[PDB]
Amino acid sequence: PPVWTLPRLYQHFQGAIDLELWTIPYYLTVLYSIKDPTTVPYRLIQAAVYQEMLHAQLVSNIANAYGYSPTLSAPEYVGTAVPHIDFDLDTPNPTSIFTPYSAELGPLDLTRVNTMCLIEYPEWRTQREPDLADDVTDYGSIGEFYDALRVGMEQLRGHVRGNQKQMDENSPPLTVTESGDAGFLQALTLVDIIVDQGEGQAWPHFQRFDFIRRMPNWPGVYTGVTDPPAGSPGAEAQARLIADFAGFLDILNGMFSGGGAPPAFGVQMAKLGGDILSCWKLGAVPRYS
């Protein structure tokens, strides 16, 4: 069994949260591109976005139980780079199926829906043995990443402390309240919720997105350019989003380090969605940094 060090476990916690966070602006950007919010793909994506946010919280709770407070910074959307995922590891390479695809932000189009299918691609389809070494940074699927994380978590369960900088924004709190082996067992449950929601063990993200990919009639989407003119309302809409997103990550950083949720939290949040929609309405693709 490959031996994990505490620093590497911490690096993997940070990696998992970076990947979950990376999906949020991606999915949100697609979501708000859809003109009609009553449509099936809109409601499917919205629920998925909310689950990603929950995943981020759960990862923070697990990491914090092991003594690490994660920190968030604005993700980047360039080329075909997805944090910590290498599809070249998988057989068949699912980019041969879900193509075209891109890490660049865009509306509900084939390129974006294909990418969403790729992100949530189930570990069982990769046909690979999980690479459990603590120096691995790239995996073939999210599920494989979480498989490796469970190994480090088990080996280092002596570090688990209950009620340690836990966050919770019928069911008990989805937090680690116990120490040592008991808290490790709670942490494992939180990992299971994360993975079950993405790829399946109601309706997992992969299946949801593959459903959208297969539909005959996609809803109308806003049109936008990635680089609106200097001076323009659309550029200023982007600037507002960049600022509000920065502020929202500052709020989360405090929370992930054991701070209380400020009154600015529910206020800050839904505002982001208004900011993203406003970009699209002005003909500017949402931008987050």
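All residue numbers refer to positions in the sequence shown, first residue = 1.
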Enter the number of deposited residues without atomic coordinates between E169 and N170, binned as none, 1 to 3, 4 to 9, or 10 or more.
4 to 9
Missing from the model but present in the deposited sequence, between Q201 and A202:
10 or more
The stretch carrying the higher mean Cα B factor in the deposited entry, 192-200 or 108-116, is 192-200
Mean Cα B factor from the PDB record: higher for 90-98, or higher for 202-210?
202-210
Checking the entry, which one of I242, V30, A261, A235 has the top C-alpha B factor?
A261
Consider only the C-alpha atoms of the modelled residues in this chain, order them by B-factor as the entry records it, and name the third containing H12: lowest, middle or highest.
lowest
CA B-factor placement of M269, once the chain's modelled residues are sorted into thirds
highest
Looking at the entry's B-factor column for C-alpha atoms only, identify whether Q186 ranks in the lowest, middle or highest third of its chain.
lowest
If you rank every modelled residue in this chain by C-alpha B factor, which third holds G162: lowest, middle or highest?
lowest
Ordered by C-alpha B-factor within the chain, which third holds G152? Give me lowest, middle or highest, please.
lowest
